[PDB]
Every structure is written in structure tokens, then in C-alpha cells.
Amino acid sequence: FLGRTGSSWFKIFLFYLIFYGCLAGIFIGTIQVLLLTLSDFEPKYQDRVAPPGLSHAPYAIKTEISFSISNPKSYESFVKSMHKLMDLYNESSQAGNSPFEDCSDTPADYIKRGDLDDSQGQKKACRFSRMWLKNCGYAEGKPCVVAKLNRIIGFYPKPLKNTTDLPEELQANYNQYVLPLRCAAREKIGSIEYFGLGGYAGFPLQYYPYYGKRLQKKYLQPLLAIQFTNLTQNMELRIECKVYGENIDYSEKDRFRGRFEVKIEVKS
């Protein structure tokens, strides 16, 4: 033929069949032992998610949400993702004492449901009403963005203490139980309005620590609705929403490390 005879062509097939078969069987074996060394409830390493990311619902083309108020299908793209998220926080999804629980309607302290063990059933998560998100189809004019803190197993978000000076200096400082979120731009051509649990501009600490998908399915993380009823129009406004805390840090590279990058433009 090309290389060899039929007899040789066969033998080279019988070899590579057994050979690659063995190699596949060995590869699988090493994957088995790897998995055997891992927990079902907690990942081996967590230093790469460490400082929590802050992500929002409006799917930004490039950290930007520009549209026209005087146009219907101009914002119907951002309403798709906005709906996708909030559709999960339905009351019909949170039914019965299992696996949900009514928690303080005001920001409270942490809740420990034991260890990362299966020695108990599904760890009961705090309910969250999308109805706590006042004012927010969504904002056809002047968007109503929804913030979110990235989930990390066993992470206890710790707010800053009012020992020294603060950006939003001491205003509504629920020091003990709220992780604040203050959006900014100089360039003050807007109108910041925050909505959340208990009416505070933060995340209620009663939703922590997260026990993971395996130990807490259907779990709901707290949301923080933000509305920009800015009196300006037809210009790119670089708005940055920042979260503050002891366990919260940022990076010049990762522009989502505990903060937002939104470029709103109501070009109408």
C-alpha cells in the first residue's frame, strides 16, 4: 500500500489499539486518585477567588450600557439579563420551611449552620424578596442597575469600623451588620439612589457564610438595586460602584475586584 503489507498494517493497528487503550486507562486512573483527594463540600484552594468580585445584571457590551429612552428595542437587550436574575428571586421559588427560612427584615449578624459537613440535610438559607428592591419592564429612562457580591464558601464579609474617617462619612453607618456600596464618578452629574434589604445600601450579613452548592442548593445571595435618575443626557458617564470592608480589596488589573465599571449613556 503506502507503507506496509496488510499483515503489517494489522499489527500496527492491534498495537496502537492496546497501547492507547492502556494510556487512556492510566490517564483515567490518575484522574480517579486526584478526585479521591478532594472534598465534596469545599475546594482545596480559595486564594484565587479571595477578594470577592462585584458583578451586576445589565450585560455590558464593554463595561457599558448605552441606549435611547425614545426607543423601545434600545434597552430590551439589558432588560433580558435584568429579568434573568430577578426571575430567580421569586416568591414561588421560596416556598415552605424547606429549604428556606424567614430571617430578620433588618440587617443582622452571621449565621453558622455548623460545619461544611453532610451530618445535616440541606443547610437552610435566608429568604430574599425582590420586593425589597423598590422602584425595580425596568427603568426605560435612567436605569435601575442591580449589584451582587460573588459567592465564596465560608467567606464572612466584614464591614469597616467607624474608628477613623470614611467616604460616606458616618451616614446611616450600620457598622456592625452592613457591607456598604457607594457609587461615584468631580464629574458629579447624576443622582444616586440605593435600594436593598432593610432599606440600607449594603448586603445583610445574615446571608453568610455560604455553604456551597452541594450543602446549600436554592440558596439566595443578597442583591442591591441602584438607580441613577441623573438629570443629564447624551454623554458617557463613567460610574464606579465600590464596596467597602475588611476582607474587600481591589486591583488595577481586575476591574471587577469588589467594584463596578459602568458607562451609562441615555442618548435620547
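In case it trips you up, residue 1 is the first one in the sequence shown, and so on.
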Item to complete: Report, from the record, the number of residues in the deposited sequence between residue 144 and residue 145 that have no coordinates, as none, 1 to 3, 4 to 9, or 10 or more.
Response: none
Worksheet item: Looking at the deposited sequence, how many residues between residue 95 and residue 96 were given no coordinates in the entry: none, 1 to 3, 4 to 9, or 10 or more?
Response: none
Worksheet item: 204-212 versus 28-36: which one carries the higher mean Cα B factor per the record?
Response: 204-212
Worksheet, complete the sentence: Comparing mean C-alpha B factor in the record for 256-264 and 8-16, the higher one is 256-264
Worksheet item: Which is it among 54, 69, 49, 220: the one with the largest CA B-factor in the entry?
Response: 69
Discussion item. Among the modelled residues of this chain, does the Cα B factor of residue 99 put it in the lowest, middle or highest third?
Written reply: highest
Discussion item. Could you place residue 167 in the lowest, middle or highest third of its chain by Cα temperature factor, using the values in the record?
Written reply: highest
Response to the item:
In terms of its chain's C-alpha B-factors, the third that includes residue 150 is the lowest
Worksheet item: Should residue 194 be placed in the lowest, middle or highest third of its chain by the C-alpha B factor in the entry?
Response: highest
Discussion item. Can you tell me whether residue 75 has a C-alpha B-factor in the lowest, middle or highest third compared with the other modelled residues of the same chain?
Written reply: highest
